[PDB]
Peer 1: 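One structure coming up, written as structure tokens, with questions to follow.
For ligands, and for the atoms within them, numbers begin at 1 and follow the listed sequence. Quick note on labels: first sequence line is chain A, next is B, and so on, each numbered from 1.
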Amino acid sequence: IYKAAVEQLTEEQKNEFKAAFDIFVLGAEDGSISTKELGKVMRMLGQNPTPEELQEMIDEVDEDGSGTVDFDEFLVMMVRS
Amino acid sequence: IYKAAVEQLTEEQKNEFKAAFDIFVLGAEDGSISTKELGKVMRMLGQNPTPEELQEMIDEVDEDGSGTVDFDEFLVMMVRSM
Ligand SMILES: CN1CCN(CCCN2c3ccccc3Sc3ccc(C(F)(F)F)cc32)CC1
Ligand SMILES: CN1CCN(CCCN2c3ccccc3Sc3ccc(C(F)(F)F)cc32)CC1
Ligand SMILES: CN1CCN(CCCN2c3ccccc3Sc3ccc(C(F)(F)F)cc32)CC1
Ligand SMILES: CN1CCN(CCCN2c3ccccc3Sc3ccc(C(F)(F)F)cc32)CC1
Ligand SMILES: [Ca+2]
Ligand SMILES: [Ca+2]
């Protein structure tokens, strides 16, 4: 069902998200989003998610068990919420 | 019609948006989001909007024609965004 929504994205939408994804993984080891980068982003947007909530957000879309979110999984994250 | 979705939003949702709105207008001369505050947010999220794109984004939800976005219009900007 979520695979569908992503596919329903236009080049414009995907590129917008890619630009956001890129700035988010700055200074990130594997070039992916971990709880650290996700926390920083949500806090700069005025939110204060707990370490548990951040891990759940990530585990929910971490299909390859990397413990991090790559762009493809990031798109599913966008889709969900 | 986006007036419908705003109604659908839950408090927690509206509360999260308020927290965002509040951080976005820190420093705004009038507590509202002008092109300056919107541009900073867009850029903070890796985007690059022209001054015109920013004006248009504001205009789409500027019901009182203030040239700025207050919290109620912001909710519509969020809902609208889809
Ligand atoms: C308790 N629980 C805590 C988290 N909230 C949802 C936060 C969603 N969110 C958000 C919403 C309003 C204002 C700022 C933000 S930061 C943010 C960043 C990424 C995502 C992302 F990745 F999902 F798209 C979702 C959010 C729901 C309730
Ligand atoms: C179908 N379409 C799916 C995606 N959603 C938008 C998701 C973006 N998003 C979000 C989602 C739910 C609730 C709040 C938020 S605020 C927010 C803040 C940052 C980002 C981030 F990461 F990009 F920076 C993404 C989001 C719109 C409808
Ligand atoms: C020309 N036109 C300009 C705007 N873009 C959409 C921007 C949506 N958006 C967004 C989407 C993905 C990644 C980052 C961002 S920054 C951002 C900041 C605020 C809003 C906010 F306030 F509206 F919710 C919406 C966005 C579409 C095409
Ligand atoms: C369920 N969903 C809840 C709220 N809105 C979505 C807001 C998410 N949002 C957005 C919307 C459409 C396309 C891209 C994006 S990225 C984005 C980036 C920042 C913000 C920022 F900074 F403003 F918070 C909000 C959004 C639509 C319906
Ligand atoms: Ca992963
Ligand atoms: Ca206004």
Peer 1: For B:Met57, counting its heavy atoms only, list the atoms of ligand 3 lying under 4.0 Å from any of them.
Peer 2: 23 (F)

Peer 1: If only atom types and distance count, is the side chain of B:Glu73 paired as donor or acceptor with the main-chain N or O of B:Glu63 below 3.5 Å?
Peer 2: yes

Peer 1: Is the backbone of A:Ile58 close enough, under 3.5 Å, to the side chain of A:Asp62 for a donor and an acceptor to pair up by distance?
Peer 2: no

Peer 1: Is the Ca ion (ligand 5) under 3.0 Å from any N, O or S atom of A:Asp70?
Peer 2: no

Peer 1: Run the side-chain contact (heavy atoms from CB on, under 4.5 Å) check on A:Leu38 and A:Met77 step by step: do they pass?
Peer 2: CA-CA 11 Å; A:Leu38 176 54; A:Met77 189 180 263; 4.3 Å; yes

Peer 1: Hey, could you give me the CG/CD distance between B:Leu75 and B:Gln13, rounded to the nearest 0.5 Å?
Peer 2: 10.0 Å

Peer 1: Under 3.5 Å, is there a donor-acceptor pair between the side chain of A:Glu12 and the main chain of A:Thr10?
Peer 2: no

Peer 1: Which atoms from ligand 3 have a heavy atom of A:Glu12 less than 4.0 Å away?
Peer 2: 28 (C)

Peer 1: Please indicate whether B:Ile1 has more than 12 foreign heavy atoms, meaning atoms of other residues, nucleotides or ligands, lying under 6.0 Å from its CD1.
Peer 2: no

Peer 1: Strictly less than 4.0 Å: does any protein heavy-atom distance to atom 11 (C) of ligand 2 fall in that range?
Peer 2: yes

Peer 1: Heavy-atom contacts under 4.0 Å between A:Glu16 and ligand 3: side chain, backbone, both, or neither?
Peer 2: both

Peer 1: When you check the side-chain N and O atoms of A:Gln55 and A:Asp59, is any donor under 3.5 Å from an acceptor?
Peer 2: yes

Peer 1: Give me the residue, atom name and distance of the protein heavy atom closest to atom 21 (C) of ligand 2.
Peer 2: A:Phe24 CE1, 3.9 Å

Peer 1: Counting backbone and side-chain atoms alike, does A:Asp62 have an N/O/S atom under 3.0 Å from the Ca ion (ligand 5)?
Peer 2: yes

Peer 1: When rounded to the nearest 0.5 angstrom, what distance separates CG in A:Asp72 from CG in A:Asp70?
Peer 2: 5.0 Å

Peer 1: A:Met78 near ligand 3, heavy-atom distance under 4.0 Å?
Peer 2: no

Peer 1: How many angstroms lie between atom NZ of A:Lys40 and atom OG1 of A:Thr35, to the nearest 0.5 angstrom?
Peer 2: 14.0 Å

Peer 1: If I consider every N, O or S atom in A:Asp64, which one ends up closest to the Ca ion (ligand 5)? I only need its name.
Peer 2: OD1

Peer 1: Around atom 26 (C) of ligand 3, find the nearest protein heavy atom and jot down its residue, atom name and distance.
Peer 2: B:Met42 SD, 4.2 Å

Peer 1: For atom 2 (N) of ligand 3, is the nearest protein heavy atom closer than 4.0 Å?
Peer 2: no

Peer 1: In terms of residue, atom name and distance, what is the protein heavy atom nearest to atom 14 (C) of ligand 2?
Peer 2: B:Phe17 CE2, 4.3 Å

Peer 1: Look at atom 28 (C) of ligand 2 and say which protein heavy atom is nearest, naming residue and atom and giving the distance to 0.1 Å.
Peer 2: B:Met82 CA, 4.1 Å

Peer 1: A:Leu45 heavy atoms, cut-off 4.0 Å: which ligand 2 atoms fall inside?
Peer 2: 18 (C), 19 (C)

Peer 1: Taking the side chain from B:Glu53 and the backbone from B:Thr50, do they hold a donor-acceptor pair closer than 3.5 Å?
Peer 2: yes

Peer 1: Just to confirm my output: which protein heavy-atom neighbour is closest to atom 23 (F) of ligand 3, and how far is it?
Peer 2: B:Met77 CG, 3.2 Å

Peer 1: Looking at atom 18 (C) of ligand 2, would you say a protein heavy atom lies below 4.0 Å from it?
Peer 2: yes

Peer 1: With heavy atoms of B:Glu53 as the reference, note each atom of ligand 3 found under 4.0 Å away.
Peer 2: 1 (C)

Peer 1: Just verifying a value: how many Å separate A:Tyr2 OH and A:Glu60 CD, rounded to the nearest 0.5 Å?
Peer 2: 7.0 Å

Peer 1: Please state the angle at the Ca ion (ligand 5) spanned by OG of A:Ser66 and OE1 of A:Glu73: what is it, rounded to 10 degrees?
Peer 2: 140°

Peer 1: Identify the heavy atoms of B:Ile23 and A:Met44 that sit nearest to each other, and give their distance.
Peer 2: CG2-O, 4.0 Å

Peer 1: Judged on heavy-atom distance to atom 13 (C) of ligand 2, which of A:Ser81, B:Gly46, B:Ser81 sits nearest?
Peer 2: A:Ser81

Peer 1: Assess A:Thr68: does it contribute an N, O or S atom lying under 3.0 Å from the Ca ion (ligand 5)?
Peer 2: yes

Peer 1: Under a 4.0 angstrom heavy-atom cut-off, which atoms of ligand 2 come close to A:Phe74?
Peer 2: 22 (F)

Peer 1: Considering all heavy atoms of both residues, which atom of A:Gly46 and which atom of B:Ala19 are nearest to each other, and what is their separation?
Peer 2: O-CB, 3.4 Å

Peer 1: Among protein heavy atoms, which lies nearest atom 16 (S) of ligand 3, and at what distance?
Peer 2: B:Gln47 CG, 3.5 Å

Peer 1: Touching ligand 3 at all, B:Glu56? Heavy atoms, strictly under 4.0 Å?
Peer 2: no

Peer 1: Kindly indicate whether a cation-pi arrangement holds for B:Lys18 with B:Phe71, taking the cut-offs as under 6.0 Å to the six-membered ring centre and within 45° of the axis.
Peer 2: yes

